[PDB]
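J.: This one is final_35.pdb, PDB, C-alpha atoms.
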```pdb
ATOM      1  CA  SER A   1      -7.643 -26.011   0.646  1.00  0.00           C
ATOM      2  CA  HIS A   2      -9.491 -25.100  -2.654  1.00  0.00           C
ATOM      3  CA  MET A   3      -7.504 -22.121  -4.153  1.00  0.00           C
ATOM      4  CA  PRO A   4      -3.746 -23.260  -4.458  1.00  0.00           C
ATOM      5  CA  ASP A   5      -2.499 -19.777  -5.659  1.00  0.00           C
ATOM      6  CA  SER A   6      -2.278 -16.127  -4.416  1.00  0.00           C
ATOM      7  CA  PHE A   7       1.289 -15.424  -5.757  1.00  0.00           C
ATOM      8  CA  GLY A   8       1.439 -12.865  -8.628  1.00  0.00           C
ATOM      9  CA  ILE A   9       4.838 -13.463 -10.368  1.00  0.00           C
ATOM     10  CA  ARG A  10       5.700  -9.910 -11.721  1.00  0.00           C
ATOM     11  CA  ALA A  11       1.884  -9.232 -11.709  1.00  0.00           C
ATOM     12  CA  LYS A  12       0.754  -5.551 -11.768  1.00  0.00           C
ATOM     13  CA  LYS A  13      -1.724  -4.369  -9.039  1.00  0.00           C
ATOM     14  CA  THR A  14      -5.015  -3.503 -10.941  1.00  0.00           C
ATOM     15  CA  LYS A  15      -6.743  -0.083 -10.335  1.00  0.00           C
ATOM     16  CA  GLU A  16      -9.286  -1.827  -7.978  1.00  0.00           C
ATOM     17  CA  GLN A  17      -6.574  -3.680  -5.892  1.00  0.00           C
ATOM     18  CA  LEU A  18      -4.374  -0.526  -5.827  1.00  0.00           C
ATOM     19  CA  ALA A  19      -7.400   1.646  -4.731  1.00  0.00           C
ATOM     20  CA  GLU A  20      -8.023  -0.691  -1.693  1.00  0.00           C
ATOM     21  CA  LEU A  21      -4.336  -0.016  -0.753  1.00  0.00           C
ATOM     22  CA  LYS A  22      -5.156   3.776  -1.081  1.00  0.00           C
ATOM     23  CA  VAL A  23      -8.042   3.361   1.490  1.00  0.00           C
ATOM     24  CA  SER A  24      -5.463   1.848   3.935  1.00  0.00           C
ATOM     25  CA  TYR A  25      -3.015   4.835   3.368  1.00  0.00           C
ATOM     26  CA  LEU A  26      -5.829   7.454   3.910  1.00  0.00           C
ATOM     27  CA  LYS A  27      -6.881   5.875   7.302  1.00  0.00           C
ATOM     28  CA  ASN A  28      -3.168   5.393   8.409  1.00  0.00           C
ATOM     29  CA  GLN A  29       0.066   6.047   6.352  1.00  0.00           C
ATOM     30  CA  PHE A  30       1.892   3.266   8.322  1.00  0.00           C
ATOM     31  CA  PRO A  31      -0.465   0.147   8.006  1.00  0.00           C
ATOM     32  CA  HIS A  32      -0.928  -2.362  10.897  1.00  0.00           C
ATOM     33  CA  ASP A  33      -0.214  -6.069  10.031  1.00  0.00           C
ATOM     34  CA  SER A  34      -3.910  -7.171  10.587  1.00  0.00           C
ATOM     35  CA  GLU A  35      -5.112  -4.437   8.106  1.00  0.00           C
ATOM     36  CA  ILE A  36      -2.487  -5.673   5.540  1.00  0.00           C
ATOM     37  CA  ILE A  37      -3.837  -9.303   5.861  1.00  0.00           C
ATOM     38  CA  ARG A  38      -7.367  -7.830   5.294  1.00  0.00           C
ATOM     39  CA  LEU A  39      -6.012  -6.178   2.056  1.00  0.00           C
ATOM     40  CA  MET A  40      -4.587  -9.650   0.984  1.00  0.00           C
ATOM     41  CA  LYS A  41      -8.181 -11.044   1.491  1.00  0.00           C
ATOM     42  CA  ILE A  42     -10.088  -8.330  -0.520  1.00  0.00           C
ATOM     43  CA  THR A  43      -7.533  -7.747  -3.363  1.00  0.00           C
ATOM     44  CA  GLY A  44      -5.904 -11.241  -3.507  1.00  0.00           C
ATOM     45  CA  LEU A  45      -2.357  -9.718  -3.169  1.00  0.00           C
ATOM     46  CA  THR A  46       0.738 -10.667  -1.087  1.00  0.00           C
ATOM     47  CA  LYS A  47       2.010  -8.762   2.044  1.00  0.00           C
ATOM     48  CA  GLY A  48       5.235  -8.129  -0.018  1.00  0.00           C
ATOM     49  CA  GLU A  49       3.418  -6.257  -2.896  1.00  0.00           C
ATOM     50  CA  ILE A  50       1.532  -4.222  -0.233  1.00  0.00           C
ATOM     51  CA  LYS A  51       4.700  -3.224   1.809  1.00  0.00           C
ATOM     52  CA  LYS A  52       6.352  -2.296  -1.564  1.00  0.00           C
ATOM     53  CA  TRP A  53       3.396  -0.036  -2.604  1.00  0.00           C
ATOM     54  CA  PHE A  54       3.205   1.998   0.705  1.00  0.00           C
ATOM     55  CA  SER A  55       6.993   2.775   0.435  1.00  0.00           C
ATOM     56  CA  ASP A  56       6.297   4.183  -3.112  1.00  0.00           C
ATOM     57  CA  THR A  57       3.193   6.113  -1.832  1.00  0.00           C
ATOM     58  CA  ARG A  58       5.174   7.620   1.118  1.00  0.00           C
ATOM     59  CA  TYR A  59       7.450   9.316  -1.516  1.00  0.00           C
ATOM     60  CA  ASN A  60       4.399   9.955  -3.849  1.00  0.00           C
ATOM     61  CA  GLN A  61       2.994  12.062  -0.910  1.00  0.00           C
ATOM     62  CA  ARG A  62       6.064  14.429  -1.368  1.00  0.00           C
ATOM     63  CA  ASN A  63       6.479  14.064  -5.214  1.00  0.00           C
ATOM     64  CA  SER A  64       7.192  17.741  -6.284  1.00  0.00           C
ATOM     65  CA  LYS A  65       9.189  18.934  -3.192  1.00  0.00           C
ATOM     66  CA  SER A  66      10.979  15.475  -3.339  1.00  0.00           C
ATOM     67  CA  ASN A  67      13.006  15.782  -0.039  1.00  0.00           C
ATOM     68  CA  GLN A  68      10.823  17.552   2.654  1.00  0.00           C
ATOM     69  CA  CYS A  69       7.056  18.402   3.107  1.00  0.00           C
ATOM     70  CA  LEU A  70       4.866  21.436   4.056  1.00  0.00           C
ATOM     71  CA  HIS A  71       3.315  21.611   7.622  1.00  0.00           C
ATOM     72  CA  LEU A  72       6.099  19.213   8.881  1.00  0.00           C
ATOM     73  CA  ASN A  73       5.446  17.989  12.511  1.00  0.00           C
ATOM     74  CA  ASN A  74       8.098  19.154  15.093  1.00  0.00           C
TER      75      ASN A  74
END
```
Mind turning this structure into structure tokens?
T.:
Amino acid sequence: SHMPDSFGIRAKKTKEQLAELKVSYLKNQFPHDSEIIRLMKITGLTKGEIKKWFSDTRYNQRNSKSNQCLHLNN
């Protein structure tokens, strides 16, 4: 016990922290829990801010079409 804080009250994810989250989306669009803990280590974020971001990025993947996507797997 040395650092008593990792909890960003209404704190915005900086371009560096947010870009590490992008690396996790590019390797797999549905992140494994161990990879999310690794993001909390590098960035200094919470698992809540991370789970929030990937839900936004899943829609950001289909921004213009809004509802469906091209080359949809069936």
J.: Between CA of residue 31 in chain A and CA of residue 3 in chain A, what is the spacing in Å?
T.: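 Pair CA of residue 3 in chain A / CA of residue 31 in chain A returns 26.3 Å.
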J.: Please expand the PyMOL selection byres ((chain A and resi 51) around 12) into the concrete residues it hits in this file, giving the result as a PyMOL selection string.
T.: chain A and resi 21+24-25+29-33+35-37+39-40+45-50+52-58
J.: CA of residue 59 in chain A and CA of residue 20 in chain A, how far apart in Å?
T.: 18.4 Å
J.: Could I get range 41-56 of chain A rebuilt with N, CA and C atoms, written as a tab-separated table (two decimals), keeping the file's coordinate frame?
T.:
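After the write, result_7.tsv holds the following:
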```
chain	number	residue	atom	x	y	z
A	41	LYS	N	-6.86	-10.38	1.63
A	41	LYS	CA	-8.18	-11.04	1.49
A	41	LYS	C	-9.04	-10.41	0.36
A	42	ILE	N	-9.21	-9.08	0.41
A	42	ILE	CA	-10.09	-8.33	-0.52
A	42	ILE	C	-9.51	-8.30	-1.96
A	43	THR	N	-8.23	-7.93	-2.07
A	43	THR	CA	-7.53	-7.75	-3.36
A	43	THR	C	-7.04	-9.09	-3.96
A	44	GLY	N	-6.55	-9.98	-3.08
A	44	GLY	CA	-5.90	-11.24	-3.51
A	44	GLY	C	-4.38	-11.12	-3.64
A	45	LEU	N	-3.81	-10.02	-3.09
A	45	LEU	CA	-2.36	-9.72	-3.17
A	45	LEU	C	-1.54	-10.41	-2.06
A	46	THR	N	-0.21	-10.21	-2.12
A	46	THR	CA	0.74	-10.67	-1.09
A	46	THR	C	1.14	-9.48	-0.19
A	47	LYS	N	1.52	-9.77	1.07
A	47	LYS	CA	2.01	-8.76	2.04
A	47	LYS	C	3.30	-8.04	1.54
A	48	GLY	N	4.06	-8.71	0.64
A	48	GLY	CA	5.24	-8.13	-0.02
A	48	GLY	C	4.90	-7.01	-1.02
A	49	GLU	N	3.91	-7.27	-1.91
A	49	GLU	CA	3.42	-6.26	-2.90
A	49	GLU	C	2.82	-5.02	-2.20
A	50	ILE	N	2.16	-5.26	-1.06
A	50	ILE	CA	1.53	-4.22	-0.23
A	50	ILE	C	2.60	-3.32	0.44
A	51	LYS	N	3.56	-3.94	1.16
A	51	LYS	CA	4.70	-3.22	1.81
A	51	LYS	C	5.54	-2.41	0.79
A	52	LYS	N	5.70	-2.98	-0.42
A	52	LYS	CA	6.35	-2.30	-1.56
A	52	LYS	C	5.60	-0.99	-1.92
A	53	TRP	N	4.27	-1.13	-2.13
A	53	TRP	CA	3.40	-0.04	-2.60
A	53	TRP	C	3.39	1.18	-1.64
A	54	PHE	N	3.25	0.93	-0.33
A	54	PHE	CA	3.20	2.00	0.70
A	54	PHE	C	4.54	2.77	0.82
A	55	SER	N	5.67	2.11	0.51
A	55	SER	CA	6.99	2.78	0.44
A	55	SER	C	7.05	3.75	-0.78
A	56	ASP	N	6.44	3.33	-1.90
A	56	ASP	CA	6.30	4.18	-3.11
A	56	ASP	C	5.36	5.39	-2.84
```
